[PDB]
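Here you get one chain, nothing else, as structure tokens; it is the form deposited in one PDB entry.
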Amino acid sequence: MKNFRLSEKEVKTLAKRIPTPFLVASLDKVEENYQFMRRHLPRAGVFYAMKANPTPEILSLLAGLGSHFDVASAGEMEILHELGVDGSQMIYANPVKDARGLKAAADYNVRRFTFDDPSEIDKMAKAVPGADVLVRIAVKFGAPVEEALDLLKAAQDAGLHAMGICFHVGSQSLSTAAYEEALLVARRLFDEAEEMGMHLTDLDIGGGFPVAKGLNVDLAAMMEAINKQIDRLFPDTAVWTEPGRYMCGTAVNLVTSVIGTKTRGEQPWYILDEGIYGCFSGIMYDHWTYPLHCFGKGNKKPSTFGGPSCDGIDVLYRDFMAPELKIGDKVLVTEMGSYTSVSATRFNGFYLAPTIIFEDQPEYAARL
């Protein structure tokens, strides 16, 4: 498992014929990440958290491979529908659902819906009578385990089908022991519910998986421990996972050029043609950090990179060791797949940087 990276020569040839900034996504890498999870965690169907990356080619690839989808809004389920994706392969997993979104959900025939609060029941019962609902469980957001069953019975009472439960394990706190303890709590709640008159049939595990193999744990071995725990505890139940960052994050790169240089201070400044109102919006909204590769040879000094807009805050990196760069030189930013261009804007009238598909280019064929 390698992260998707473009070589220096690939960045130059691509930039010759696509004007910067642009993103480059690798469908091959997305597939690899999909097949990895399937190989090591076979018992979880995949609900793709498309909020992370909603690019149509990535989305089509995923429907091709069998992925279901995790929809947050009417506009998400609209994009999917034009690609031929049915609402039976959608779960509406926004906790608080818009009216416009519940309408969409009825029209498209979305099967599964999730909730943590009893104010949410009152409105799904009117909008989508008899819909299959899962409760989100905190083991902020989520619902106390001890209120989980009362919440499904309230749902069942208003004419919704109590179908099951989701938790989310945080990446920071991610461990095999953690998933194993949540599955135990889930198993108890199933058994308890059954004696309560409800047959729960579906269990949604969340995402919160990381990566590329240059990172902390042995994830293949971890998914196999979780998978073995699903097979012993939930051999008849439909199990799901909803990866988002996991699917895409290391599957996209940004190519962007130096459009100005400021040489006045001790520190050189370099203005790029993408910034915090475009793809680097991740910095503000995801609190994330993107590896930056400048390509000159020569001596390095501490250097600031700025974005292209009239705002003070359009600064991406400071005291970053980089060589001497000219205008028109190209830099490359990896880990640009998730929660980046989702947050981009046309602030200052600027265009959204397009996403180019790597497999539809000579450079991809050239890898041989």
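In case it trips you up, residue 1 is the first one in the sequence shown, and so on. What we label the rigid core is the largest C-alpha set whose atoms superpose within 1.5 Å from one form to the other.
The discussion below concerns the form deposited in another entry, not included here.
Chemist: Which residue, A178, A106, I259, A158, is displaced 2 Å or more at the Cα between this form and the one not shown after superposing the core?
Modeler: That would be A178.
Chemist: Core aligned, does the CA of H293 move at least 2 Å between this form and the one not shown?
Modeler: Stays below the 2 Å threshold, so no.
Chemist: How about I79 - superposed on the rigid core, does its CA move between this form and the one not shown by 2 Å or more?
Modeler: Comparing forms between this form and the one not shown, the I79 CA shifts below 2 Å.
Chemist: So, does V217 move by 2 Å or more at the CA between this form and the one not shown, with the core held fixed?
Modeler: Yes, because once the rigid core is superposed, the C-alpha of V217 moves 2 Å or more between this form and the one not shown.
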